[PDB]
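This document starts with one chain, in the form deposited in one PDB entry, laid out as C-alpha cells.
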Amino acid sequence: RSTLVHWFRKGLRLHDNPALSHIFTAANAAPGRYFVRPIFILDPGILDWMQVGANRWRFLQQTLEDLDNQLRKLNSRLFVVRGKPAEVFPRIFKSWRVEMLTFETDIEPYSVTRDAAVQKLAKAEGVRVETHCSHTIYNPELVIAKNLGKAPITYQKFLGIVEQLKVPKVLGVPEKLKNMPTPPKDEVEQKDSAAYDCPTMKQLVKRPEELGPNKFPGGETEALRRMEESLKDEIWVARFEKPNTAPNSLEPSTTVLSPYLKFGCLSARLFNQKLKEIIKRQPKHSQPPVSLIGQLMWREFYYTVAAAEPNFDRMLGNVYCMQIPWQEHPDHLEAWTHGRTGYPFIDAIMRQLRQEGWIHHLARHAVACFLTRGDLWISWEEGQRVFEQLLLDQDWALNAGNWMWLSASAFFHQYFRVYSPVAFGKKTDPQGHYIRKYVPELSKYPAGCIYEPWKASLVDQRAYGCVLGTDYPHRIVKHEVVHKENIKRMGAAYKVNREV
C-alpha cells in the first residue's frame, strides 16, 4: 500500500484546491490501495530568509488548526512535519512509499528553488508530481507568454492581456474519504504519537507579549465567513471604489480578506467568481482599477511582474526598479518603525500595524511615502522588511511591488505628488478619532491641532497632559522642508537613470 501526499504551503484551504482534490478522488476511485497524507512542513529555512512577527505566527497557528479540523471532517487530518523539505522528503518518500505528490505552485524565488529540488528528488525516487496554479486567477507564465515574453508593466496593458485568457473552473471541496484507515505509524510517529500534530500557540509564538488583539482569526473557515459577510451588501460591493475608502476609519473600510488570500485560506478564484455574480446582478457598478474585481487584478498584476524578476524585492539587479541613492539613517528608521516620528497620523498607522497586523491601503501609502521619497529618504527595502514582520497579509510580490510604486521606483513616476502627513488623514477623519485611539497620549488635544500638536502652546500641552518631547516625541523632521528637498533628489535620481 502506497501513499498519496498533498503538500500544503500556501493554498491552505479545502475548497477550490485542484491539487488536493485530485489526491482525494484518486484514493476514492481506487479504495484499499492508497494512504493519504496531507502535510504541511514547518520549514526552518524560511526563517533564514523572511521575518515573521508574533501576530502572523498566531494567524498561521489558527490557520493550521482550522485546516486540520476541516480535514478531519473528510476522514483525514493534517500532518505537520517539522524539518527542512530537502531532508524531509527523501525520508517520507521511502517510509511512506509515496506514489504521487501534488502541490499548488508558487512564484517566489525561495519557492521556485525549493520546488525544483523536490521535483529533482521525486523524479529520482519515481514519484509522480502534479502541480496546479490556483494561488492566482491567471497563470503568470501564460500572461508573460501572451505578451511575447515580457510581463506587462502597466495595469491597463495587463488587463487587456488577461481579458483574452480562459478563467479557470472553480472547484468545490473534495469528497470525503471512503474507507481510509489511519495511516501506519512511521519511524517518527512511533517514538512520538504527536510528532505530526498541529503546533500549539506556545510552540509557534515565542514572543507572546507582542501579540495584539485577536481580530482576524486565521483559517479557511473564517475566510469564507468573512467573504460571505463582505458580499452581503451587494450595493457596497458593486459600487466599491478603492480610492474613496477611508484609511483611518475605526472599522476597516475594505474587506480585510488580504491575510486569507495571502495564505490561500480564501481562493482568489472563488472570490473573483462571487464578485462576478454580484456585478452581473447590479447594472450600476464600478470598473477596474477602483472596483473590487479591480483589486484582485492588482494582485494578479503584481504577481505577474514579480514572477519574471527573482530580485523583485530589492533595488539592486531589479529590472523594474529605479536606482535611487537612498540614505542610511538608523535613528529615523527606528522612530518610523515604532511609530515615534512625532507626526500623529504617521504614528497612529504604525502602531495600528504593530498591534493589529493590518492597515488600510491608503494608510500603507501614507507611511510608505513618509519613509521613502516623502520625508526620511530611507530605502523602500527597509520599510518592506518592517511590513514583512508586522503584516498579517505579508506577501512577497505585493509588499515588494507596492513599495516600489510608493517610492516612485517603478510603475509610478509622479514623485512631485507627495502625501502630507498632517493634511492627508484630515479629509476622512477631521476629528482625529483614529489618532486618539492609536496615539492615546494625545487623546485630549482638540481636533484643531491633534494632527499638529506642535501648534499648541506649552501651557495647553501641559493642560492636555501630553508635553511634546516628554510624553509624545518632537517631529524627527520638518515635512515642509525635507519633502521639497527630496523632490529635487528624486529628479536627480531620475536624470541619472535616464542617462544610463
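Residue numbers here begin at 1 and follow the sequence given. Residues that one form lacks are left out of the comparison. Whichever C-alpha set is largest while still superposing within 1.5 Å between the two forms counts as the rigid core.
Unshown form deposited in another entry; subsequent notes refer to it.
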- Item | Residue showing a 2 Å-or-more C-alpha displacement between the shown form and the other one once the rigid core is overlaid, selected from 467, 42, 50, 39 | 50
- Query: Do residue 50 and residue 399 have their C-alpha atoms closer or farther apart in the other form than here, with the shift being 3 angstroms or more?
  - Reply: farther
- Item | Distance direction in the other form for the C-alpha atoms of residue 55 and residue 49, relative to the displayed form (3 angstroms or more) | closer
- Message: Give me the residue ranges between the shown form and the other one where at least 3 consecutive Cα atoms each move 2 Å or more, fitting on the core only.
- Response: 43-50
